[PDB]
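Report on the following structure.
Protein chains: 2
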Amino acid sequence: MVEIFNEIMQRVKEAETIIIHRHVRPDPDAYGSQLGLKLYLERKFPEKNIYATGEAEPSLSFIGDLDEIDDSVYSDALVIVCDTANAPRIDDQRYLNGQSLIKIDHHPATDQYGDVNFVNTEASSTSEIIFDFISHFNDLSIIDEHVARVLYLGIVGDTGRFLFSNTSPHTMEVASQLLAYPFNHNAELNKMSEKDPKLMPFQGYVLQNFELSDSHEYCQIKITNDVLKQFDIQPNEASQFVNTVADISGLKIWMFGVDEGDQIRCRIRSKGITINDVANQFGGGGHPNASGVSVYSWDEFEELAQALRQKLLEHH
Amino acid sequence: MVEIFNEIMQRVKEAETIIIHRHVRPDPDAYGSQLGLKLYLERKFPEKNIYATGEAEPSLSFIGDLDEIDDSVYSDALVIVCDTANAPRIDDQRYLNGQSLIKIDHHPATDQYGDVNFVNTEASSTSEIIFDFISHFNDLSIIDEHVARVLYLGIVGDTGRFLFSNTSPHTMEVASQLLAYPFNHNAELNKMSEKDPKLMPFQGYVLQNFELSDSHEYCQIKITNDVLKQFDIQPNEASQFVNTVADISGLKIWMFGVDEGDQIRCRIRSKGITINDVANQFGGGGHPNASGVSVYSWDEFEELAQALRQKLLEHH
Ligand SMILES: [Mg+2]
Ligand SMILES: [Mg+2]
């Protein structure tokens with residue numbers, strides 16, 4: 001065929017039970033897109049058995065709970081790996097133990113795992129692809145407040161509340177359409193934006209210990225083992241406050257290094273400049289806009305700063 | 001008539017020069033709605049003279065600059081007080097010195113100043129009303145990247161990036177339509193989200209000095225004159241960090257009190273509970289969700305806390 005959506009819905013109508021998967025570390029989209037496809041199907045073919053397997057992140061518990069698959073249901077069922085770049089990165093690994101495999105994602109097509117592959121690279125999120133799918137079957141009536149909830153939240157998180165560049169006029173329109181359904185976005189949004197007061201004091205530290213260039217283009221934060229225990233926080237926890245300096249006016253590149261003990265795992269992100277470049281120089285790597293390195297000392301951490309800062313000289 | 005939009009466009013076509021106004025303390029909407037109506041008109045009747053008067057807030061300088069009216073142009077011209085609850089709160093006061101007055105706003109109609117009054121109470125923002133207006137004249141083609149810019153930014157700020165409850169599915173749709181025009185929202189958005197690193201250290205203090213109830217429902221911050229000079233910041237500046245604790249999980253009501261010297265001007269905001277109530281008890285007042293009081297001591301500040309906290313006992 002040429003209209004993959006139809007071939008999917010077909011494979012679906014011909015299976016009494018289908019289970020959906022998503023990548024490992026879950027995000028609002030990976031959550032909404034999964035629970036969404038599910039909630040949708042369950043509304044269209046109540047005679048079938050739709051399940052969503054996953055580790056279940058308590059962080060997204062409010063979006064919806066997952067299902068406990070008995071691994072023997074994979075016998076004669078259709079597996080749908082929703083939102084997942086590469087297969088190994090799929091959550092439950094018994095997905096390949098189904099009748100046929102079908103994947104829906106919005107990341108660059110490099111794996112193409114699964115029989116039928118539909119990747120709308122230009123989509124803001126998989127949730128969005130799901131809305132497109134159900135919208136292609138005029139089921140915008142069969143859907144309700146429960147389904148739209150996840151789909152919204154999904155698009156919301158994957159685009160940071162329609163802020164990121166991946167937000168298109170269509171994305172808005174879809175968001176527009178979901179809000180039609182009664183569910184109160186303001187509420188849902190807040191419960192998603194909640195924060196732990198426990199970590200707030202530390203975050204204040206980050207704000208009190210900067211490191212901006214005279215030009216404001218470069219900014220760093222050294223989290224010494226001392227502060228890690230002074231504020232009583234694990235190296236992991238503190239490492240989530242990277243973008244706590246991103247909003248500084250004029251900031252072009254910033255690095256956040258927290259000492260784990262025998263190495264200083266530093267996460268480096270830039271406004272929009274090839275950075276993973278220098279990352280490799282130090283044995284690191286990653287996306288050109290958000291890479292990571294694991295120096296063995298602050299003296300080396302500084303060499304990284306010097307290398308990063310020099311990158312700003314080529315641009316002006 | 002019954003279709004105010006037409007009566008406006010009429011009064012417009014019959015005036016070689018029209019000037020637009022907005023309320024005093026400007027906001028992104030009041031800015032976008034003004035510059036927007038203007039930029040629009042200037043595209044429709046280049047033969048006329050459209051001007052936008054205002055004090056000009058350097059904060060919104062990037063949205064667009066205002067015009068310097070010679071007060072004698074008001075001779076035979078149409079004045080359009082865009083986005084402004086009450087007349088006294090209008091910026092340039094020589095507005096009443098025009099041929100006829102016409103106002104467009106989205107706040108409750110309590111003033112009704114001006115000949116023709118159009119208030120879409122259910123609109124997310126005046127900018128949105130402007131899009132509606134131009135959209136009613138099929139001028140979505142005459143408009144360009146420059147006009148949509150302000151209108152977007154306007155809706156954006158007035159709804160905090162489609163987060164507030166005033167965000168409707170139509171609001172999204174309008175946002176959707178504006179993005180069609182080439183202007184890059186991501187960029188524009190950031191320049192609007194920029195922050196001053198100068199105040200960041202202090203903000204860290206606020207995060208390091210909370211005051212949450214055992215239930216997390218109540219939170220306060222006492223900004224003593226000491227810290228006001230320890231971090232070298234004016235009482236005004238520090239007072240803008242009220243909602244710096246709003247995202248705490250479970251927070252229902254919070255107060256932020258900063259000592260100005262001979263009085264402690266405290267701004268009190270709640271999640272969604274009638275609060276201006278207690279405000280009056282202390283000689284204050286304001287909206288039920290964001291009021292203000294000016295106690296003469298921290299001992300009194302505490303009485304306010306007690307009164308506010310007791311308000312949480314009636315609800316559960
Ligand atoms: Mg995704
Ligand atoms: Mg407004």
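Here the protein sequences come in this chain order: A and B.
No gaps in the numbering here: position 145 of the first sequence is 145 in our numbering, and each next residue is one more.
No gaps in the numbering here: position 132 of the second sequence is 132 in our numbering, and each next residue is one more.
Here a beta-carbon is modelled for each residue, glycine too, at the ideal position from N, C-alpha and C.
Check	Outcome
Minimum Cβ-Cβ distance from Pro288 (chain B) to chain A less than 9 Å	no
Cross-chain neighbours of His185 (chain A) in chain B, by beta carbon under 9 Å	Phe162, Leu163, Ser165, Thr167
CA-to-CA distance, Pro197 (chain A) to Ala246 (chain B), given in whole angstroms	11 Å
DSSP state of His216 (chain B) mapped onto helix, strand, coil	coil
Element boundaries [beta strand (DSSP E), containing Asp139 (chain A)]	It is not in any beta strand (DSSP E) - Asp139 (chain A) carries neither H nor E in the DSSP assignment.
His107 (chain A) CB to nearest heavy atom of ligand 1 below 8 Å	yes
Touching by the beta-carbon criterion (3+ pairs, under 8 Å), the segment 171-179 of chain A and the segment 139-146 of chain B	no
Proximity to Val79 (chain B) [Cα-Cα], best of B:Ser213, B:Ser135, B:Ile19	B:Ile19
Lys103 (chain B) - partner residues in DSSP beta bridges	B:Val81, B:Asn117
Closer than 9 Å to chain B by CB, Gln281 (chain A)	no
Test: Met255 (chain A) CB closer than 9 Å to a CB of chain B	no
Cβ of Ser141 (chain A) within 9 Å of any chain B Cβ	no
Any chain B beta carbon closer than 9 Å to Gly36 (chain A)	no
DSSP-derived helix/strand/coil call for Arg11 (chain B)	helix
Those runs of the alpha helix (DSSP H) which lie wholly inside the segment 174-202 of chain B and span at least 4 residues	185-193
Integer-rounded CB distance, given that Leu35 (chain A) should sit under 8 Å from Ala15 (chain A)	That belief does not hold up - the Cβ atoms of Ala15 (chain A) and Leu35 (chain A) are roughly 19 Å apart, past 8 Å.
Touch test, the segment 258-277 of chain B against the segment 225-237 of chain B, Cβ-Cβ under 8 Å, three pairs minimum	yes
Close-in-space but distant-in-sequence residues of the same chain around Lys252 (chain A) (CB under 6 Å, 5 per side omitted)	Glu217, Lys271
Chain-ordered residues of the segment 194-221 of chain A with a beta carbon less than 9 Å from chain B	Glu194, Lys195, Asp196, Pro197, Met200, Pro201, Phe202, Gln203, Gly204, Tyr205, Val206, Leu207, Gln208, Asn209, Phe210, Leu212, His216, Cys219
Run of the alpha helix (DSSP H) containing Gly272 (chain A), from where it starts to where it stops	Element bounds for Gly272 (chain A): n/a, residue is neither H nor E.
Cβ separation of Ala148 (chain B) and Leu178 (chain B), assumed to be a contact under 8 Å, to the nearest whole Å	4 Å
From B:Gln10, B:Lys195, B:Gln281, residue whose alpha carbon lies closest to that of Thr244 (chain A)	B:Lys195
Assigned secondary structure, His23 (chain A) (DSSP; H/G/I helix, E/B strand, else coil)	strand
Between the CA atoms of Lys103 (chain A) and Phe202 (chain A) - distance to the nearest angstrom	41 Å
Residue-level contact to chain B via CB, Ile130 (chain A), 9 Å cutoff	no
Cβ-heavy atom distance, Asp29 (chain A) to ligand 1, below 8 Å	yes
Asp83 (chain A) beta carbon near ligand 1 (any heavy atom closer than 8 Å)	yes
Contacts around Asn117 (chain B), its chain only, beta-carbon distance under 6 Å, and the 5 residues preceding and following it disregarded	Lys103
Cβ-heavy atom distance, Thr121 (chain B) to ligand 2, below 8 Å	no
Length of the line joining the Cα atoms of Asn49 (chain B) and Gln208 (chain A)	50 Å
Unbroken beta strand (DSSP E) run spanning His146 (chain A), endpoints	Unbroken run through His146 (chain A) is the alpha helix (DSSP H), 145-158; no beta strand (DSSP E).
Beta carbon proximity, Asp111 (chain B) to chain A, threshold 9 Å	no
Separation of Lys13 (chain A) from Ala77 (chain A), as counted between CA atoms	11 Å
Reference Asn166 (chain A), options B:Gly154, B:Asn186, B:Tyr181, closest by Cα	B:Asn186
Rounded straight-line distance, which links the Cα of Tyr95 (chain B) to that of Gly114 (chain B)	10 Å
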